[PDB]
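Protein chains: 2
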Amino acid sequence: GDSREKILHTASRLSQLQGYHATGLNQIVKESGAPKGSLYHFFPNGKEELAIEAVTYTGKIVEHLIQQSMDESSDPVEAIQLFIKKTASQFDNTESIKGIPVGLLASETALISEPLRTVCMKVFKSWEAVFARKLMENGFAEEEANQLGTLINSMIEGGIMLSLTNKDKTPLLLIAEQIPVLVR
Amino acid sequence: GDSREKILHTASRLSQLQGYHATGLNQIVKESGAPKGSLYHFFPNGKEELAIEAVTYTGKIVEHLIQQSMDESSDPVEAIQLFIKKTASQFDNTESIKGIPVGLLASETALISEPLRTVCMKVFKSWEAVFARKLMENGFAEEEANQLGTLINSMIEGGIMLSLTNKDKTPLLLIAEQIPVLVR
Numbered sequence: 005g006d007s008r009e010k011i012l013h014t015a016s017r018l019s020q021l022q023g024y025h026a027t028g029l030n031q032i033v034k035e036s037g038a039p040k041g042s043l044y045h046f047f048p049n050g051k052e053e054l055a056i057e058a059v060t061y062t063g064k065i066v067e068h069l070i071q072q073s074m075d076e077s078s079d080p081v082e083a084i085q086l087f088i089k090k091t092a093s094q095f096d097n098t099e100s101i102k103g104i105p106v107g108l109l110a111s112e113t114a115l116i117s118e119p120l121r122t123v124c125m126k127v128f129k130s131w132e133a134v135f136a137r138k139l140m141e142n143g144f145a146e147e148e149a150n151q152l153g154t155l156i157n158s159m160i161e162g163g164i165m166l167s168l169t170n171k172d173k174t175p176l177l178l179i180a181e182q183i184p185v186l187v188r
Numbered sequence: 005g006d007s008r009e010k011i012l013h014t015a016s017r018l019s020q021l022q023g024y025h026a027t028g029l030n031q032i033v034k035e036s037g038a039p040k041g042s043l044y045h046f047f048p049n050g051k052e053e054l055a056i057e058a059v060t061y062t063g064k065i066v067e068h069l070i071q072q073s074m075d076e077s078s079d080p081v082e083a084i085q086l087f088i089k090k091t092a093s094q095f096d097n098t099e100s101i102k103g104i105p106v107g108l109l110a111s112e113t114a115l116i117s118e119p120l121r122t123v124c125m126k127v128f129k130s131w132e133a134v135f136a137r138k139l140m141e142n143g144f145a146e147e148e149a150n151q152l153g154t155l156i157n158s159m160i161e162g163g164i165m166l167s168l169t170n171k172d173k174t175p176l177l178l179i180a181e182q183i184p185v186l187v188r
């Protein structure tokens, strides 16, 4: 079902870029390049069902991107600053701006639909866990490691929102310059 | 004379909680309690024109909150925490939850409408300026104060994002614990 993957990938791309409400089923069908396999693969549950898997899909890709930066350095603080710098590079070019992978959709559906909020909550944890695992590999206790995880994650999300609004990466670089003192 | 306020207040409230795309102009008239004054006061044009004023409106309210908060303590660090703690209490009860005042709409419209992105960029700057002023009055250099202003603003926006997705204030209280070592 290459057509299933096209629809899912297309949904993930559009949800991160445009948000949940701004993205319609018509637009997902139009950009996927599939012949009505939408309701076939995401039957009478439609948008919310498709969005749920889209979030998980987006979640895994990001989760993987974070681990990669964590693997690129033995110094936990350096590995974290590098991830933030790579994320910030997307803004020095309006063309390469991806939006807010999971955060935008999550903030839009938090008060409507527990299923989406649940999945977004589950995905954010997976991301901070990547940060938590790396710190734990450096002496931090599980509880302390988990806290820096949610703190670092929250900061990056905030930096992305501001960098996107400002169409400039300064916010994110600013956050990067703080990792050392917070992790201390 | 009284109807404009009802629309602006309802628009501001809805855009903040539901976002730009999910907020229809019919729901605004319906919930404002005002009679057909929407298109009257915002000479046609429509949603975007109303949205620009709604963001400015929401902008002033938050600006006043930050300002009132900076006045509650001579100590900048303590004043900043108090503001974060106040922002965080909106989550103790799902009923008192306000979305992301400006950030949600800014993340949704950033890549489209330069007018909307522009007003959001300016509003955020106004908030950052309040933090900066407090820091400057306390000895901090202009550059550092303004940078800490953007940093603080970015962290709070991210904290609200995570706190909303989790319907739990912890992410923000976690952010508050960091200001002592961030504003040295």
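In order, the protein sequence lines correspond to chains B and A. Using the deposited numbering, the first residue of the first sequence is number 5, and each one after it goes up by one. Using the deposited numbering, the first residue of the second sequence is number 5, and each one after it goes up by one. Using N, Cα and C, we set each Cβ at its ideal position, and we do this for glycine too.
Going by beta carbon distance, what residues of the same chain come within less than 8 Å of residue i, once the five residues before and after it are set aside?
{"i": "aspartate 96 (chain A)", "result": "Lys173"}
{"i": "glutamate 146 (chain B)", "result": "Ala136, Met140"}
{"i": "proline 119 (chain A)", "result": "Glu52, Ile56"}
{"i": "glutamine 182 (chain B)", "result": "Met159"}
{"i": "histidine 25 (chain B)", "result": "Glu112"}
{"i": "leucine 152 (chain B)", "result": "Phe135, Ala136, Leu139, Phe144, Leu186, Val187"}
{"i": "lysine 40 (chain A)", "result": "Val33"}
Go ahead and pull the three-state DSSP assignment for residue i.
{"i": "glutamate 118 (chain A)", "result": "helix"}
{"i": "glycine 162 (chain A)", "result": "helix"}
{"i": "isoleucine 11 (chain B)", "result": "helix"}
{"i": "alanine 26 (chain B)", "result": "coil"}
{"i": "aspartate 79 (chain A)", "result": "coil"}
{"i": "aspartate 6 (chain B)", "result": "helix"}
{"i": "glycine 107 (chain B)", "result": "helix"}
{"i": "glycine 37 (chain A)", "result": "coil"}
{"i": "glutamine 20 (chain A)", "result": "helix"}
{"i": "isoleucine 179 (chain A)", "result": "helix"}
{"i": "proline 48 (chain A)", "result": "coil"}
{"i": "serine 130 (chain A)", "result": "helix"}
{"i": "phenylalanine 95 (chain A)", "result": "coil"}
If distances are taken between C-alpha atoms only, which option among the options comes closest to residue i?
{"i": "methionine 159 (chain B)", "options": "B:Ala145, B:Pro175, B:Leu168, B:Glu146", "result": "B:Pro175"}
{"i": "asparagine 142 (chain A)", "options": "A:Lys51, A:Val187, A:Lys40", "result": "A:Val187"}
{"i": "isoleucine 116 (chain B)", "options": "B:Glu76, B:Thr169, B:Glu52, B:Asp79", "result": "B:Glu52"}
{"i": "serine 73 (chain B)", "options": "B:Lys64, B:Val66, B:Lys126, B:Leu86", "result": "B:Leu86"}
{"i": "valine 106 (chain B)", "options": "B:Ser130, B:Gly5, B:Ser100", "result": "B:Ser130"}
{"i": "residue 1 (chain A)", "options": "B:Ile84, B:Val127, B:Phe144, B:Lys138", "result": "This structure does not reach residue 1 (chain A), given that chain A is present from 5 up to 188, and the question cannot be answered."}
{"i": "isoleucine 101 (chain B)", "options": "B:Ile56, B:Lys10, B:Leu21, B:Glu118", "result": "B:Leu21"}
{"i": "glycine 5 (chain A)", "options": "A:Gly50, A:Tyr44, A:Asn49", "result": "A:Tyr44"}
Closer than 6 Å by C-beta to residue i: which residues in its own chain qualify, once you throw out the five before and the five after it? Chain order, please.
{"i": "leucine 54 (chain B)", "result": "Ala15, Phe46"}
{"i": "residue 1 (chain A)", "result": "No statement about residue 1 (chain A) is possible, as the shown extent of chain A runs from 5 to 188 and does not include it."}
{"i": "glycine 23 (chain B)", "result": "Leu108, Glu112"}
{"i": "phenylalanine 144 (chain A)", "result": "none"}
{"i": "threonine 27 (chain A)", "result": "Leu18, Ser19"}
{"i": "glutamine 71 (chain A)", "result": "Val134"}
{"i": "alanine 110 (chain B)", "result": "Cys124"}
Compute the distance between the beta-carbons of residue i and residue j, then report whether it is under 8 Å.
{"i": "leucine 178 (chain B)", "j": "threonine 154 (chain A)", "result": "yes"}
{"i": "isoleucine 88 (chain B)", "j": "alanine 149 (chain B)", "result": "no"}
{"i": "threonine 91 (chain B)", "j": "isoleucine 164 (chain B)", "result": "yes"}
{"i": "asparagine 170 (chain B)", "j": "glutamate 132 (chain B)", "result": "no"}
{"i": "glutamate 67 (chain A)", "j": "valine 134 (chain A)", "result": "yes"}
{"i": "residue 190 (chain B)", "j": "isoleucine 104 (chain B)", "result": "Lying before the first or after the last residue shown, residue 190 (chain B) is absent from chain B, which here runs from 5 to 188."}
{"i": "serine 7 (chain B)", "j": "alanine 58 (chain B)", "result": "no"}
{"i": "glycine 162 (chain B)", "j": "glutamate 161 (chain A)", "result": "yes"}
Tell me which same chain residues have a C-beta within less than 7 Å of the C-beta of residue i, skipping the five on either side of it?
{"i": "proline 184 (chain A)", "result": "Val81"}
{"i": "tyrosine 61 (chain B)", "result": "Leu12, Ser16"}
{"i": "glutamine 31 (chain A)", "result": "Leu18"}
{"i": "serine 36 (chain A)", "result": "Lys10, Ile11, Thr14"}
{"i": "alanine 83 (chain A)", "result": "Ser73, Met74, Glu76, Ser77, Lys138"}
{"i": "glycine 63 (chain A)", "result": "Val106, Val127, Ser130"}
{"i": "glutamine 94 (chain A)", "result": "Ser100, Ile101, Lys102"}
{"i": "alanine 114 (chain B)", "result": "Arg121"}
{"i": "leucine 29 (chain B)", "result": "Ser42, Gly50, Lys51"}
{"i": "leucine 69 (chain B)", "result": "none"}
Closer than 8 Å, CB to CB, is residue i near chain C or not?
{"i": "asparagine 157 (chain A)", "result": "The structure shown contains no chain C; its protein chains are B and A."}
Chain-ordered residues of the segment 109-135 of chain B with a beta carbon less than 7 Å from chain A: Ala110, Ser111, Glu112, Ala114, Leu115, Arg121, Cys124, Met125, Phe128
Short-range partners of chain A found in the segment 77-100 of chain B, where Cβ spacing is below 7 Å: none
For the segment 159-175 of chain B, list every residue whose C-beta sits within 9 Å of some C-beta in chain A, in sequence order. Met159, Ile160, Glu161, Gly162, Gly163, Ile164, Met165, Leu166, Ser167, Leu168, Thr169, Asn170, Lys171, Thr174, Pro175
Below 7 Å between beta carbons is the criterion; list the residues of the segment 22-55 of chain A that meet it against any residue of chain B, in chain order. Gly23, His25, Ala26
Name the residues in the segment 143-156 of chain B whose C-beta lies less than 7 Å from a C-beta of chain A; which are they? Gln151, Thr154, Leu155
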